[PDB]
Every structure is written in structure tokens, then in C-alpha cells.
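Numbering (the authors' numbering), first residue to last: 100 to 185.
A virtual CB, placed ideally from N, CA and C, is assigned to each residue, including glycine.
All remarks here apply to the structure that follows.
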């Protein structure tokens, strides 16, 4: 019913867009998707994986959620309740 894309390997390519990484996180525990953005010498990395309700609140409630595109420590956190958010 509701699935999400999980990507533990942060790479600077478009390979992280396959339907094989899409998992059906229907379990009460996790029912949302997690997305993160990072920037370093290597390039622009991004973390993704199945998130949960309680966790989703953490990021939101957690101040300093916003970020900037032109910042070395450009840390961004956010989740989604819709399927295939990433």
C-alpha cells in the first residue's frame, strides 16, 4: 500500500533511482520515507531510507531544519508520508 525508497549508499549519480530499492514500509513502526542532503569535497551526497512517525517528528521539531545550497555543512533533514517520495 505504502512504500518508500531506501538509499544507504550516498553517491553523486543517478543510479540511486531503481524500483528495486523501493520497499513496502507498511509496518506500524515505519510508514514514511526519509531524505537528507549533504555536501563535501567529494561532492553532493544524499541519504535516504524508511522513516517512522516518532522519528519524523524528531527532524521537524528539531530546530535548524533548514539549510543552504552553498554551504560546506549543508545538512538537510526531512521525511515524507507519500509513496516513492525520493
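Our contact map puts residue i next to residue j with C-beta atoms below 8 Å; I'd like the distance itself, whole angstroms only.
i	j	result
residue 124	residue 101	7 Å
residue 109	residue 146	6 Å
residue 132	residue 179	5 Å
Assign residue i to one of two classes, buried (16 or more other C-beta atoms within 10 Å of its C-beta) or exposed (fewer than that).
i	result
residue 176	buried
residue 148	buried
residue 134	buried
residue 129	buried
If you draw a straight line from the alpha carbon of residue i to that of residue j, how long is it in whole angstroms?
i	j	result
residue 163	residue 118	32 Å
residue 169	residue 139	11 Å
residue 185	residue 160	21 Å
Looking at C-alpha atoms only, which residue of the options is the closest neighbour of residue i?
i	options	result
residue 181	107, 161, 157 and 150	150
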